[PDB]
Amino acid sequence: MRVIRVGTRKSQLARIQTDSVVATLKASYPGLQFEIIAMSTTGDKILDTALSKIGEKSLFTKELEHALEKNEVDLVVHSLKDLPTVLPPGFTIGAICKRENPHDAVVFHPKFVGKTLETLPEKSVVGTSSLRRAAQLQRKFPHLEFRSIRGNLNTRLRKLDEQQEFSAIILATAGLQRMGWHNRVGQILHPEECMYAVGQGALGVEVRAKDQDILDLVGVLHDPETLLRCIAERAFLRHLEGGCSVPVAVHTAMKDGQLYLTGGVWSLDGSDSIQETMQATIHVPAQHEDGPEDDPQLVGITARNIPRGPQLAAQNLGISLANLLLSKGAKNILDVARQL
């Protein structure tokens, strides 16, 4: 029997998400043996030099995709928001795991315990390096300043606690939840304050597009409600053709046999914004189906064990909302942001 090799990063949140995925696979396949591979480049000193230019530092995701290509590993676990809408040739998102809290949360300086962003003092600095968050939060909170914070969860948390510069930092709720920093969440931001990124709170499993054996096994992890919402969001963002890091946010819901999708676009400052909401009658399919291998992936996702009709409706909904936003001049806001 083939040991299933899982490619991870020696990082803390990377390994936690990987372990969680593996625990689910292990419950589905009691016997199945799993090997975990982690390459840190024999130390953080070779990774520290790569920090000479951080941010959209998805060289690690390319390394993982190079290992998959070599057949060094069999599956890799990622945050669905770190996976682009167009995956390279020979790779696909084999599973869309059940969604964790998709909302953006606020952490406050130990002085501002119990105080929401609304109740913070005026001209308080708020640390975030997300143009999506800053654009929304600047528009909503004109009296708060939004400066850039740099580093990982523990670095950003440490900086806020130690230094007097920042009064609050913006971070993902699911992120804090996984690390077991749920107690530092001060405010969970709603769509009116800050809509979330595409596929935030959901884990994606990347695998080789032509590895039926690995797609079969990992198919068990697909959650249909998350998958459908995540297709809609990915389809909307892909169709917008934003480039890469732009102020694009979404909100999705599935209640009463309807998929609601809210999509928005903002200028870096937030002054100009095109937020719109559309909905489709899409029923979350409880039953798994035996679909064919010839069906192309949708927005990088292969979910042939889940009914295809409902997936196509989700893509359509996202495309419809992208199309309306473009008509309302969403193309213009994006290019201004790309140039800063």
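Numbers follow the displayed sequence, beginning with 1. Under this definition, the rigid core comprises the largest set of C-alpha atoms superposing within 1.5 Å between the forms.
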Between 131 to 139 and 107 to 115, which has the larger RMS C-alpha deviation from this form in 6 other deposited structures of this protein after core superposition? 107 to 115
Which of 211 to 219 and 244 to 252 lies farther, on average, from the shown form in 6 other deposited structures of this protein once the rigid core is superposed (C-alpha RMS)? 244 to 252
Do at least a third of the other entries of this protein fail to model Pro310? no
Using a one-third cut-off over the other compared PDB entries, is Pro285 one of the residues left without coordinates? no
State which stretch shows the higher mean Cα B factor in the entry: 204 to 212 or 164 to 172. 164 to 172
Which is higher on average in the deposited entry, the C-alpha temperature factors of 286 to 294 or of 36 to 44? 36 to 44
Looking at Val113, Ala253, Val76, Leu221, which has the highest Cα B-factor in the entry? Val113
Take the CA temperature factors straight from the PDB entry and tell me which of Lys98, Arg238, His109, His103 peaks. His109
Per the entry's values, where does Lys81 land by CA temperature factor relative to the rest of its chain, in the lowest, middle or highest third? lowest
Temperature factor at the Cα of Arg234, chain-ranked in thirds, falls in the lowest
Can you tell me whether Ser320 has a C-alpha B-factor in the lowest, middle or highest third compared with the other modelled residues of the same chain? lowest
Split into thirds by Cα B-factor across the chain's modelled residues, where does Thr155 land: lowest, middle or highest? highest
Can you tell me which third, lowest, middle or highest, the CA B-factor of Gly309 falls into for its chain? lowest
